[PDB]
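Chemist: My structure is in run-v2.txt, and what it holds is compact mmCIF, N, CA and C atoms and all ligand atoms:
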# COMPACT_ATOMS: atom_id res chain seq x y z
N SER X 42 43.28 4.00 -11.42
CA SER X 42 42.01 4.29 -12.13
C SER X 42 41.13 5.13 -11.23
N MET X 43 40.31 6.01 -11.83
CA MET X 43 39.48 6.94 -11.12
C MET X 43 38.14 7.16 -11.81
N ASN X 44 37.11 7.14 -11.01
CA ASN X 44 35.78 7.62 -11.46
C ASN X 44 35.64 9.10 -11.27
N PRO X 45 34.82 9.78 -12.10
CA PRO X 45 34.47 11.17 -11.80
C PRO X 45 33.51 11.28 -10.60
N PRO X 46 33.39 12.50 -10.06
CA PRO X 46 32.30 12.75 -9.15
C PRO X 46 30.97 12.42 -9.82
N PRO X 47 29.97 11.96 -9.04
CA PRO X 47 28.69 11.65 -9.65
C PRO X 47 27.96 12.93 -10.05
N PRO X 48 26.87 12.81 -10.80
CA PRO X 48 26.11 13.99 -11.15
C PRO X 48 25.51 14.62 -9.88
N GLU X 49 25.24 15.92 -9.94
CA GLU X 49 24.63 16.65 -8.85
C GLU X 49 23.20 16.12 -8.57
N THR X 50 22.88 15.97 -7.29
CA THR X 50 21.52 15.59 -6.83
C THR X 50 20.92 16.58 -5.83
N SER X 51 21.75 17.55 -5.45
CA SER X 51 21.35 18.59 -4.51
C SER X 51 21.91 19.92 -4.97
N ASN X 52 21.08 20.97 -4.97
CA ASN X 52 21.58 22.33 -5.28
C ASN X 52 20.59 23.34 -4.77
N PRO X 53 20.84 23.91 -3.60
CA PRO X 53 19.79 24.67 -2.94
C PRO X 53 19.30 25.90 -3.66
N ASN X 54 20.16 26.48 -4.49
CA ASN X 54 19.75 27.63 -5.30
C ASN X 54 19.14 27.28 -6.69
N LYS X 55 19.04 26.02 -7.02
CA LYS X 55 18.33 25.64 -8.27
C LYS X 55 16.86 25.69 -8.00
N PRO X 56 16.11 26.47 -8.80
CA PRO X 56 14.67 26.42 -8.66
C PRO X 56 14.13 25.01 -8.87
N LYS X 57 13.09 24.70 -8.13
CA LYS X 57 12.49 23.38 -8.20
C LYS X 57 11.02 23.47 -7.91
N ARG X 58 10.32 22.45 -8.40
CA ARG X 58 8.90 22.28 -8.17
C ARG X 58 8.59 20.83 -7.98
N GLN X 59 7.40 20.58 -7.42
CA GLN X 59 6.83 19.24 -7.37
C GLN X 59 5.54 19.21 -8.21
N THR X 60 5.64 18.94 -9.51
CA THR X 60 4.46 18.93 -10.40
C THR X 60 3.79 17.54 -10.44
N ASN X 61 2.53 17.47 -10.89
CA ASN X 61 1.86 16.16 -11.04
C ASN X 61 2.62 15.29 -12.08
N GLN X 62 3.25 15.93 -13.07
CA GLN X 62 4.02 15.17 -14.05
C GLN X 62 5.28 14.57 -13.40
N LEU X 63 5.92 15.36 -12.55
CA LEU X 63 7.09 14.87 -11.82
C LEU X 63 6.70 13.77 -10.83
N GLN X 64 5.53 13.87 -10.20
CA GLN X 64 5.06 12.80 -9.32
C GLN X 64 4.84 11.50 -10.09
N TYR X 65 4.33 11.62 -11.31
CA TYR X 65 4.18 10.46 -12.20
C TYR X 65 5.52 9.86 -12.59
N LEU X 66 6.48 10.72 -12.91
CA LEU X 66 7.82 10.23 -13.21
C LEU X 66 8.44 9.41 -12.07
N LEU X 67 8.13 9.76 -10.82
CA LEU X 67 8.61 8.98 -9.65
C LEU X 67 7.76 7.74 -9.42
N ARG X 68 6.47 7.93 -9.30
CA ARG X 68 5.57 6.86 -8.84
C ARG X 68 5.28 5.80 -9.89
N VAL X 69 5.31 6.18 -11.17
CA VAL X 69 5.06 5.26 -12.24
C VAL X 69 6.33 4.93 -13.00
N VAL X 70 6.98 5.95 -13.56
CA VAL X 70 8.10 5.68 -14.47
C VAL X 70 9.31 5.06 -13.76
N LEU X 71 9.86 5.76 -12.77
CA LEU X 71 11.04 5.28 -12.06
C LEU X 71 10.74 3.95 -11.34
N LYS X 72 9.62 3.87 -10.66
CA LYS X 72 9.24 2.65 -9.89
C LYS X 72 9.17 1.42 -10.82
N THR X 73 8.60 1.60 -12.01
CA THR X 73 8.46 0.48 -12.95
C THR X 73 9.83 0.00 -13.42
N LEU X 74 10.68 0.93 -13.85
CA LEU X 74 12.02 0.55 -14.31
C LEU X 74 12.87 -0.03 -13.16
N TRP X 75 12.78 0.57 -11.99
CA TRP X 75 13.65 0.18 -10.87
C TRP X 75 13.46 -1.26 -10.42
N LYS X 76 12.23 -1.75 -10.48
CA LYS X 76 11.86 -3.08 -10.03
C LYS X 76 12.16 -4.18 -11.06
N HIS X 77 12.50 -3.78 -12.28
CA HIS X 77 12.66 -4.71 -13.40
C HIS X 77 13.87 -5.58 -13.23
N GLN X 78 13.80 -6.83 -13.69
CA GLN X 78 14.96 -7.74 -13.59
C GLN X 78 16.25 -7.21 -14.20
N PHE X 79 16.17 -6.24 -15.13
CA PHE X 79 17.34 -5.74 -15.86
C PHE X 79 17.76 -4.37 -15.32
N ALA X 80 17.15 -3.91 -14.22
CA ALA X 80 17.50 -2.61 -13.65
C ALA X 80 18.87 -2.51 -13.05
N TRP X 81 19.34 -3.60 -12.44
CA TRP X 81 20.58 -3.50 -11.60
C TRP X 81 21.78 -2.77 -12.20
N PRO X 82 22.14 -2.94 -13.50
CA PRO X 82 23.35 -2.21 -13.98
C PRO X 82 23.19 -0.70 -14.03
N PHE X 83 21.93 -0.25 -13.94
CA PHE X 83 21.50 1.12 -14.13
C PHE X 83 21.11 1.80 -12.80
N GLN X 84 21.27 1.08 -11.67
CA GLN X 84 20.79 1.63 -10.39
C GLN X 84 21.78 2.55 -9.65
N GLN X 85 22.95 2.77 -10.22
CA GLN X 85 24.03 3.61 -9.63
C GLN X 85 24.94 4.01 -10.77
N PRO X 86 25.78 5.02 -10.57
CA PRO X 86 26.77 5.37 -11.57
C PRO X 86 27.63 4.21 -11.98
N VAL X 87 28.03 4.22 -13.24
CA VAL X 87 29.01 3.24 -13.72
C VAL X 87 30.33 3.40 -12.96
N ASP X 88 30.73 2.31 -12.30
CA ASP X 88 32.02 2.25 -11.59
C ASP X 88 33.03 1.72 -12.57
N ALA X 89 33.65 2.65 -13.28
CA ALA X 89 34.59 2.30 -14.30
C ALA X 89 35.87 1.64 -13.76
N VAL X 90 36.21 1.85 -12.47
CA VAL X 90 37.35 1.15 -11.82
C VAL X 90 37.03 -0.31 -11.57
N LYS X 91 35.91 -0.61 -10.86
CA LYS X 91 35.57 -1.99 -10.57
C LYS X 91 35.22 -2.81 -11.82
N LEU X 92 34.60 -2.18 -12.81
CA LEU X 92 34.25 -2.84 -14.06
C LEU X 92 35.41 -2.88 -15.08
N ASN X 93 36.52 -2.25 -14.75
CA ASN X 93 37.69 -2.20 -15.63
C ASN X 93 37.30 -1.69 -17.00
N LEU X 94 36.67 -0.51 -17.02
CA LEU X 94 36.35 0.22 -18.26
C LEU X 94 37.03 1.61 -18.27
N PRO X 95 38.34 1.62 -18.48
CA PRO X 95 39.16 2.81 -18.26
C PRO X 95 38.85 3.91 -19.27
N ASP X 96 38.23 3.56 -20.41
CA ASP X 96 37.86 4.55 -21.38
C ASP X 96 36.41 5.04 -21.27
N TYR X 97 35.66 4.53 -20.28
CA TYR X 97 34.24 4.85 -20.17
C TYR X 97 33.98 6.35 -20.10
N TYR X 98 34.70 7.02 -19.21
CA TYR X 98 34.47 8.45 -18.98
C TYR X 98 35.28 9.35 -19.93
N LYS X 99 36.05 8.72 -20.80
CA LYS X 99 36.61 9.42 -21.99
C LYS X 99 35.54 9.55 -23.08
N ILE X 100 34.64 8.57 -23.16
CA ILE X 100 33.62 8.52 -24.21
C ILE X 100 32.29 9.11 -23.72
N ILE X 101 31.96 8.83 -22.47
CA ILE X 101 30.73 9.29 -21.87
C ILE X 101 31.00 10.52 -21.00
N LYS X 102 30.70 11.69 -21.55
CA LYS X 102 30.94 12.97 -20.89
C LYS X 102 29.70 13.54 -20.21
N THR X 103 28.54 12.92 -20.41
CA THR X 103 27.35 13.30 -19.65
C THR X 103 26.76 12.02 -19.01
N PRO X 104 27.37 11.52 -17.90
CA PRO X 104 26.91 10.30 -17.26
C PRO X 104 25.55 10.44 -16.65
N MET X 105 24.75 9.40 -16.74
CA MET X 105 23.50 9.39 -15.98
C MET X 105 23.05 7.96 -15.67
N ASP X 106 22.30 7.82 -14.58
CA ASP X 106 21.89 6.51 -14.08
C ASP X 106 20.62 6.67 -13.26
N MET X 107 19.91 5.58 -13.00
CA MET X 107 18.65 5.71 -12.25
C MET X 107 18.84 5.99 -10.75
N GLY X 108 20.00 5.65 -10.20
CA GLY X 108 20.28 6.05 -8.81
C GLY X 108 20.25 7.55 -8.66
N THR X 109 20.96 8.20 -9.56
CA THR X 109 20.97 9.66 -9.65
C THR X 109 19.55 10.20 -9.88
N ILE X 110 18.79 9.61 -10.82
CA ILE X 110 17.42 10.08 -11.10
C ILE X 110 16.51 9.93 -9.90
N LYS X 111 16.60 8.78 -9.27
CA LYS X 111 15.85 8.50 -8.01
C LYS X 111 16.10 9.52 -6.93
N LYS X 112 17.36 9.87 -6.72
CA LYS X 112 17.70 10.91 -5.75
C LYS X 112 17.16 12.28 -6.19
N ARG X 113 17.30 12.62 -7.48
CA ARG X 113 16.80 13.89 -7.97
C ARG X 113 15.26 13.96 -7.75
N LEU X 114 14.56 12.88 -8.03
CA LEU X 114 13.10 12.90 -7.87
C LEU X 114 12.73 12.98 -6.37
N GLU X 115 13.35 12.15 -5.54
CA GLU X 115 13.07 12.14 -4.10
C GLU X 115 13.43 13.44 -3.42
N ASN X 116 14.43 14.15 -3.94
CA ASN X 116 14.85 15.41 -3.35
C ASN X 116 14.27 16.61 -4.07
N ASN X 117 13.29 16.36 -4.94
CA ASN X 117 12.63 17.40 -5.72
C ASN X 117 13.59 18.36 -6.41
N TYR X 118 14.58 17.80 -7.09
CA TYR X 118 15.65 18.56 -7.74
C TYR X 118 15.19 19.29 -9.00
N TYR X 119 14.16 18.74 -9.66
CA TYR X 119 13.76 19.20 -10.97
C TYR X 119 12.78 20.40 -10.92
N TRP X 120 12.82 21.20 -11.99
CA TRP X 120 11.78 22.20 -12.30
C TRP X 120 10.63 21.61 -13.10
N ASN X 121 10.94 20.74 -14.07
CA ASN X 121 9.91 20.21 -14.95
C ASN X 121 10.16 18.78 -15.39
N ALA X 122 9.14 18.15 -15.94
CA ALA X 122 9.25 16.76 -16.38
C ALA X 122 10.29 16.59 -17.47
N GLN X 123 10.41 17.55 -18.38
CA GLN X 123 11.41 17.43 -19.49
C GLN X 123 12.85 17.21 -18.99
N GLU X 124 13.22 17.86 -17.89
CA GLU X 124 14.55 17.66 -17.27
C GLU X 124 14.80 16.23 -16.91
N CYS X 125 13.80 15.61 -16.30
CA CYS X 125 13.87 14.23 -15.85
C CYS X 125 13.83 13.21 -17.00
N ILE X 126 12.91 13.43 -17.94
CA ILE X 126 12.88 12.68 -19.20
C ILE X 126 14.22 12.74 -19.94
N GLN X 127 14.85 13.91 -20.00
CA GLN X 127 16.18 14.02 -20.61
C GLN X 127 17.18 13.13 -19.87
N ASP X 128 17.14 13.13 -18.54
CA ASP X 128 18.07 12.25 -17.78
C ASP X 128 17.91 10.77 -18.18
N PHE X 129 16.67 10.28 -18.25
CA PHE X 129 16.46 8.90 -18.68
C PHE X 129 17.05 8.68 -20.07
N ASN X 130 16.74 9.57 -20.98
CA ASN X 130 17.26 9.45 -22.33
C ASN X 130 18.77 9.52 -22.42
N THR X 131 19.39 10.34 -21.57
CA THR X 131 20.85 10.39 -21.52
C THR X 131 21.39 9.02 -21.07
N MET X 132 20.77 8.41 -20.04
CA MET X 132 21.17 7.09 -19.60
C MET X 132 21.14 6.07 -20.71
N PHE X 133 20.03 6.01 -21.44
CA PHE X 133 19.94 5.01 -22.50
C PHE X 133 20.94 5.27 -23.59
N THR X 134 21.03 6.52 -24.01
CA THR X 134 21.92 6.89 -25.10
C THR X 134 23.39 6.61 -24.77
N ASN X 135 23.80 6.90 -23.52
CA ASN X 135 25.16 6.58 -23.12
C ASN X 135 25.46 5.10 -23.33
N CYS X 136 24.47 4.27 -22.98
CA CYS X 136 24.61 2.82 -23.11
C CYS X 136 24.83 2.43 -24.57
N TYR X 137 24.04 3.03 -25.46
CA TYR X 137 24.11 2.72 -26.90
C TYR X 137 25.42 3.26 -27.49
N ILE X 138 25.89 4.40 -27.00
CA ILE X 138 27.09 5.04 -27.53
C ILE X 138 28.27 4.18 -27.13
N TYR X 139 28.31 3.77 -25.86
CA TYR X 139 29.52 3.09 -25.37
C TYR X 139 29.68 1.64 -25.88
N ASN X 140 28.56 0.92 -25.96
CA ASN X 140 28.53 -0.51 -26.21
C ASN X 140 28.24 -0.91 -27.64
N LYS X 141 28.04 -2.21 -27.91
CA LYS X 141 27.76 -2.70 -29.28
C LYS X 141 26.41 -3.34 -29.38
N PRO X 142 25.82 -3.31 -30.58
CA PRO X 142 24.52 -3.93 -30.74
C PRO X 142 24.52 -5.36 -30.27
N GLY X 143 23.45 -5.75 -29.61
CA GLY X 143 23.32 -7.14 -29.19
C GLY X 143 24.13 -7.50 -27.97
N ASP X 144 24.99 -6.59 -27.46
CA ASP X 144 25.59 -6.86 -26.15
C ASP X 144 24.48 -6.98 -25.13
N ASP X 145 24.66 -7.81 -24.10
CA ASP X 145 23.70 -7.89 -22.98
C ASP X 145 23.29 -6.54 -22.42
N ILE X 146 24.24 -5.65 -22.14
CA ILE X 146 23.85 -4.39 -21.51
C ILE X 146 22.89 -3.56 -22.41
N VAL X 147 23.09 -3.66 -23.71
CA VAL X 147 22.27 -3.00 -24.72
C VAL X 147 20.86 -3.58 -24.78
N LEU X 148 20.74 -4.90 -24.73
CA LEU X 148 19.44 -5.60 -24.59
C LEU X 148 18.67 -5.19 -23.33
N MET X 149 19.42 -5.06 -22.22
CA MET X 149 18.85 -4.61 -20.93
C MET X 149 18.33 -3.19 -21.05
N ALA X 150 19.18 -2.29 -21.53
CA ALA X 150 18.72 -0.91 -21.79
C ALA X 150 17.48 -0.82 -22.71
N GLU X 151 17.49 -1.61 -23.78
CA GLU X 151 16.38 -1.64 -24.71
C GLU X 151 15.07 -2.03 -24.01
N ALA X 152 15.14 -3.04 -23.14
CA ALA X 152 13.98 -3.52 -22.41
C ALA X 152 13.45 -2.44 -21.52
N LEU X 153 14.35 -1.79 -20.81
CA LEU X 153 13.98 -0.72 -19.91
C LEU X 153 13.39 0.49 -20.66
N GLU X 154 14.02 0.81 -21.80
CA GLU X 154 13.60 1.95 -22.62
C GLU X 154 12.21 1.71 -23.22
N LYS X 155 11.93 0.47 -23.63
CA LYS X 155 10.58 0.13 -24.15
C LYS X 155 9.51 0.50 -23.13
N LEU X 156 9.76 0.09 -21.87
CA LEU X 156 8.84 0.40 -20.76
C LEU X 156 8.75 1.89 -20.45
N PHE X 157 9.88 2.56 -20.47
CA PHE X 157 9.95 3.99 -20.31
C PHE X 157 9.07 4.69 -21.34
N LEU X 158 9.21 4.26 -22.59
CA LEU X 158 8.40 4.90 -23.66
C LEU X 158 6.91 4.66 -23.48
N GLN X 159 6.54 3.42 -23.10
CA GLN X 159 5.15 3.11 -22.85
C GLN X 159 4.61 3.93 -21.71
N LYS X 160 5.40 4.14 -20.65
CA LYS X 160 4.89 5.00 -19.55
C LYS X 160 4.80 6.50 -19.87
N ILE X 161 5.82 7.03 -20.55
CA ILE X 161 5.83 8.45 -20.82
C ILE X 161 4.79 8.80 -21.89
N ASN X 162 4.38 7.82 -22.69
CA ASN X 162 3.31 8.00 -23.66
C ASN X 162 2.02 8.47 -22.94
N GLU X 163 1.87 8.13 -21.65
CA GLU X 163 0.72 8.56 -20.84
C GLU X 163 1.05 9.50 -19.67
N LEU X 164 2.09 10.30 -19.86
CA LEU X 164 2.39 11.36 -18.94
C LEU X 164 1.15 12.23 -18.87
N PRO X 165 0.70 12.53 -17.65
CA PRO X 165 -0.53 13.34 -17.56
C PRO X 165 -0.34 14.79 -17.98
N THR X 166 -1.43 15.44 -18.38
CA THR X 166 -1.38 16.86 -18.69
C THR X 166 -1.11 17.59 -17.38
N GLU X 167 -0.41 18.72 -17.44
CA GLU X 167 0.02 19.38 -16.24
C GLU X 167 -1.18 20.08 -15.58
N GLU X 168 -1.35 19.84 -14.28
CA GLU X 168 -2.47 20.41 -13.50
C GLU X 168 -2.42 21.93 -13.45
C1 LIG D 1 27.44 -3.75 -14.15
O1 LIG D 1 26.82 -2.52 -14.58
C2 LIG D 1 27.19 -2.06 -15.85
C3 LIG D 1 26.57 -0.94 -16.35
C4 LIG D 1 26.89 -0.51 -17.64
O2 LIG D 1 26.28 0.60 -18.17
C5 LIG D 1 25.07 1.19 -17.51
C6 LIG D 1 27.84 -1.18 -18.41
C7 LIG D 1 28.16 -0.72 -19.77
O3 LIG D 1 27.71 0.26 -20.38
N1 LIG D 1 29.13 -1.55 -20.44
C8 LIG D 1 29.70 -2.67 -19.86
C9 LIG D 1 30.75 -3.42 -20.65
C10 LIG D 1 31.28 -4.66 -20.18
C11 LIG D 1 32.38 -5.23 -20.86
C12 LIG D 1 33.04 -6.49 -20.35
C13 LIG D 1 32.89 -4.56 -22.00
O4 LIG D 1 34.04 -5.03 -22.62
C14 LIG D 1 35.20 -4.60 -21.89
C15 LIG D 1 36.16 -4.04 -22.98
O5 LIG D 1 36.85 -5.19 -23.41
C16 LIG D 1 32.36 -3.38 -22.46
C17 LIG D 1 32.93 -2.67 -23.67
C18 LIG D 1 31.29 -2.80 -21.77
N2 LIG D 1 29.43 -3.09 -18.61
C19 LIG D 1 28.49 -2.32 -17.89
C20 LIG D 1 28.18 -2.77 -16.59
As a first step, turn the structure in this file into structure tokens.
Ligand SMILES: COc1cc(OC)c2c(=O)[nH]c(-c3cc(C)c(OCCO)c(C)c3)nc2c1
Modeler:
Amino acid sequence: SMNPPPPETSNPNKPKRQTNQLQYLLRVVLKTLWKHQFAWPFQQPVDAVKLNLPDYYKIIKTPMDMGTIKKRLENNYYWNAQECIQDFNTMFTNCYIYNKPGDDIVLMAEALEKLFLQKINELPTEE
């Protein structure tokens, strides 16, 4: 069994910025989700070998996780807040696509996503 390479977190020729919206995404959005009791399954790429999910990366072709997002934010990988918001949404959607309603992992994602939505509802206007 084999995992894919993780998503890119470094690319020196990708344009990047540090916007006030991106600072909010790190200091408020990521920090809130990361500390949550249900964060742990989402803090690193899905290890499809250790979890014995051999079809995971057959179904999930755009993997994302908060470990990857955390590194992207800390390394100022992004140009804009929409890029980062898309990553969070890709993470949640992958969970819903792969799993079944009412599974524990789906309940965990839902809890995290509720908080994500409440925080992004107050994303600041760009300075
Ligand atoms: C431990 O961290 C994770 C993270 C996950 O996603 C972010 C998942 C995830 O998306 N599905 C599952 C999961 C677990 C079991 C036992 C399942 O039945 C095995 C097939 O008979 C299925 C279909 C999914 N485990 C995760 C664990």
Chemist: Can you tell me, as an MDAnalysis selection string, what residues are no more than 6 Å from range 104-111 of chain X when counting only N, CA and C atoms, ignoring any on the same chain fewer than 2 positions away?
Modeler: chainID X and resid 83:86 101:102 113:116 131:132
Chemist: If DSSP is run on the backbone, what residues of range 117-166 of chain X are helix (DSSP H, G or I)? A reply as an MDAnalysis selection string would be ideal.
Modeler: chainID X and resid 122:139 145:161
Chemist: Would you name the residues within 7 Å of ligand LIG 1 (chain D), counting all atoms listed in the file, and put them as a PDB file with N, CA and C atoms, in the coordinates of the input?
Modeler:
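Output contents, as saved in pocket.pdb:
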ATOM      1  N   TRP X  81      19.340  -3.600 -12.440  1.00  0.00           N
ATOM      2  CA  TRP X  81      20.580  -3.500 -11.600  1.00  0.00           C
ATOM      3  C   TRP X  81      21.780  -2.770 -12.200  1.00  0.00           C
ATOM      4  N   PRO X  82      22.140  -2.940 -13.500  1.00  0.00           N
ATOM      5  CA  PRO X  82      23.350  -2.210 -13.980  1.00  0.00           C
ATOM      6  C   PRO X  82      23.190  -0.700 -14.030  1.00  0.00           C
ATOM      7  N   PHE X  83      21.930  -0.250 -13.940  1.00  0.00           N
ATOM      8  CA  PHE X  83      21.500   1.120 -14.130  1.00  0.00           C
ATOM      9  C   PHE X  83      21.110   1.800 -12.800  1.00  0.00           C
ATOM     10  N   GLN X  84      21.270   1.080 -11.670  1.00  0.00           N
ATOM     11  CA  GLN X  84      20.790   1.630 -10.390  1.00  0.00           C
ATOM     12  C   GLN X  84      21.780   2.550  -9.650  1.00  0.00           C
ATOM     13  N   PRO X  86      25.780   5.020 -10.570  1.00  0.00           N
ATOM     14  CA  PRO X  86      26.770   5.370 -11.570  1.00  0.00           C
ATOM     15  C   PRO X  86      27.630   4.210 -11.980  1.00  0.00           C
ATOM     16  N   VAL X  87      28.030   4.220 -13.240  1.00  0.00           N
ATOM     17  CA  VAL X  87      29.010   3.240 -13.720  1.00  0.00           C
ATOM     18  C   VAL X  87      30.330   3.400 -12.960  1.00  0.00           C
ATOM     19  N   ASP X  88      30.730   2.310 -12.300  1.00  0.00           N
ATOM     20  CA  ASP X  88      32.020   2.250 -11.590  1.00  0.00           C
ATOM     21  C   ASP X  88      33.030   1.720 -12.570  1.00  0.00           C
ATOM     22  N   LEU X  92      34.600  -2.180 -12.810  1.00  0.00           N
ATOM     23  CA  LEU X  92      34.250  -2.840 -14.060  1.00  0.00           C
ATOM     24  C   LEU X  92      35.410  -2.880 -15.080  1.00  0.00           C
ATOM     25  N   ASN X  93      36.520  -2.250 -14.750  1.00  0.00           N
ATOM     26  CA  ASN X  93      37.690  -2.200 -15.630  1.00  0.00           C
ATOM     27  C   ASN X  93      37.300  -1.690 -17.000  1.00  0.00           C
ATOM     28  N   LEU X  94      36.670  -0.510 -17.020  1.00  0.00           N
ATOM     29  CA  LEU X  94      36.350   0.220 -18.260  1.00  0.00           C
ATOM     30  C   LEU X  94      37.030   1.610 -18.270  1.00  0.00           C
ATOM     31  N   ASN X 135      23.800   6.900 -23.520  1.00  0.00           N
ATOM     32  CA  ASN X 135      25.160   6.580 -23.120  1.00  0.00           C
ATOM     33  C   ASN X 135      25.460   5.100 -23.330  1.00  0.00           C
ATOM     34  N   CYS X 136      24.470   4.270 -22.980  1.00  0.00           N
ATOM     35  CA  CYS X 136      24.610   2.820 -23.110  1.00  0.00           C
ATOM     36  C   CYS X 136      24.830   2.430 -24.570  1.00  0.00           C
ATOM     37  N   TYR X 137      24.040   3.030 -25.460  1.00  0.00           N
ATOM     38  CA  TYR X 137      24.110   2.720 -26.900  1.00  0.00           C
ATOM     39  C   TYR X 137      25.420   3.260 -27.490  1.00  0.00           C
ATOM     40  N   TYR X 139      28.310   3.770 -25.860  1.00  0.00           N
ATOM     41  CA  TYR X 139      29.520   3.090 -25.370  1.00  0.00           C
ATOM     42  C   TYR X 139      29.680   1.640 -25.880  1.00  0.00           C
ATOM     43  N   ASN X 140      28.560   0.920 -25.960  1.00  0.00           N
ATOM     44  CA  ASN X 140      28.530  -0.510 -26.210  1.00  0.00           C
ATOM     45  C   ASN X 140      28.240  -0.910 -27.640  1.00  0.00           C
ATOM     46  N   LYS X 141      28.040  -2.210 -27.910  1.00  0.00           N
ATOM     47  CA  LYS X 141      27.760  -2.700 -29.280  1.00  0.00           C
ATOM     48  C   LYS X 141      26.410  -3.340 -29.380  1.00  0.00           C
ATOM     49  N   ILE X 146      24.240  -5.650 -22.140  1.00  0.00           N
ATOM     50  CA  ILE X 146      23.850  -4.390 -21.510  1.00  0.00           C
ATOM     51  C   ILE X 146      22.890  -3.560 -22.410  1.00  0.00           C
ATOM     52  N   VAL X 147      23.090  -3.660 -23.710  1.00  0.00           N
ATOM     53  CA  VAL X 147      22.270  -3.000 -24.720  1.00  0.00           C
ATOM     54  C   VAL X 147      20.860  -3.580 -24.780  1.00  0.00           C
TER      55      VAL X 147
END
Chemist: Hey, can I get the axis-aligned box for range 42-47 of chain X? All listed atoms, 5 Å padding on each side, centre and edge lengths in Å to one decimal, as lines of an AutoDock Vina configuration file.
Modeler:
center_x = 35.6
center_y = 8.5
center_z = -10.6
size_x = 25.3
size_y = 18.9
size_z = 13.1
Chemist: Residues of range 75-152 of chain X that have any atom at most 6.5 Å from an atom of range 52-65 of chain X: could you tabulate them with the shortest-distance atom pair and the distance in Å to one decimal, using all atoms listed in the file, ordered by chain and increasing number, as a Markdown table?
Modeler:
| residue | atom | partner | partner_atom | distance |
| --- | --- | --- | --- | --- |
| X:117 | C | X:57 | CA | 5.4 |
| X:118 | C | X:57 | CA | 5.0 |
| X:119 | C | X:57 | CA | 4.0 |
| X:120 | CA | X:58 | N | 4.2 |
| X:121 | N | X:58 | N | 6.0 |
| X:122 | CA | X:63 | N | 5.3 |
Chemist: Have a look at atom N of residue 96 in chain X and atom N of residue 157 in chain X and let me know their distance in Å, one decimal.
Modeler: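 Between atom N of residue 96 in chain X and atom N of residue 157 in chain X the gap works out to 28.4 Å.
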Chemist: With only C-alpha atoms as the atoms that count, which of X:126, X:95, X:69, X:74 lies nearest to residue 153 in chain X?
Modeler: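 Comparing X:126, X:95, X:69, X:74 against residue 153 in chain X, the winner is X:74.
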Chemist: So what do you get for CA of residue 150 in chain X versus CA of residue 80 in chain X, distance-wise?
Modeler: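 Atom-to-atom, CA of residue 150 in chain X to CA of residue 80 in chain X, that is 8.4 Å.
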Chemist: Quick one: pull the distance between atom N of residue 50 in chain X and atom C of residue 100 in chain X, Å, one decimal.
Modeler: 20.1 Å
Chemist: What would the list of residues within 6.5 Å of (9.5, 9.9, -16.6) (file frame) look like as a list in words, if all atoms listed in the file are what count?
Modeler: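 These residues have at least one counted atom within 6.5 Å: residues 65, 66, 67, 70, 71, 125, 126 and 161 of chain X.
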Chemist: Taking only N, CA and C atoms, show range 149-161 of chain X of the given structure as a short mmCIF file (atom, residue, chain, number, x, y, z; two decimals), in the first residue's frame.
Modeler:
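Final output, saved to selection.cif:
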data_model
loop_
_atom_site.label_atom_id
_atom_site.label_comp_id
_atom_site.auth_asym_id
_atom_site.auth_seq_id
_atom_site.Cartn_x
_atom_site.Cartn_y
_atom_site.Cartn_z
N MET X 149 -17.50 14.88 13.10
CA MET X 149 -16.32 15.68 13.45
C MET X 149 -16.11 16.80 12.44
N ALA X 150 -16.07 16.43 11.16
CA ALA X 150 -16.00 17.45 10.10
C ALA X 150 -17.12 18.52 10.18
N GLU X 151 -18.34 18.07 10.43
CA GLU X 151 -19.47 18.97 10.55
C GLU X 151 -19.25 20.00 11.67
N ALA X 152 -18.74 19.52 12.81
CA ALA X 152 -18.50 20.38 13.96
C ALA X 152 -17.47 21.41 13.61
N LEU X 153 -16.40 20.97 12.98
CA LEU X 153 -15.33 21.86 12.58
C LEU X 153 -15.79 22.89 11.53
N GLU X 154 -16.59 22.40 10.57
CA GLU X 154 -17.10 23.24 9.49
C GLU X 154 -18.06 24.31 10.02
N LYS X 155 -18.87 23.96 11.02
CA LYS X 155 -19.78 24.95 11.64
C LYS X 155 -18.98 26.14 12.16
N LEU X 156 -17.89 25.82 12.88
CA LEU X 156 -16.98 26.86 13.42
C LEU X 156 -16.26 27.66 12.33
N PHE X 157 -15.81 26.96 11.31
CA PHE X 157 -15.20 27.57 10.16
C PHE X 157 -16.15 28.61 9.54
N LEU X 158 -17.40 28.19 9.36
CA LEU X 158 -18.38 29.12 8.76
C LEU X 158 -18.64 30.34 9.63
N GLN X 159 -18.76 30.12 10.95
CA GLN X 159 -18.95 31.22 11.87
C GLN X 159 -17.77 32.16 11.84
N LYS X 160 -16.55 31.63 11.75
CA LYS X 160 -15.39 32.56 11.66
C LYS X 160 -15.25 33.32 10.33
N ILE X 161 -15.47 32.61 9.21
CA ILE X 161 -15.28 33.25 7.93
C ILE X 161 -16.41 34.26 7.65
#
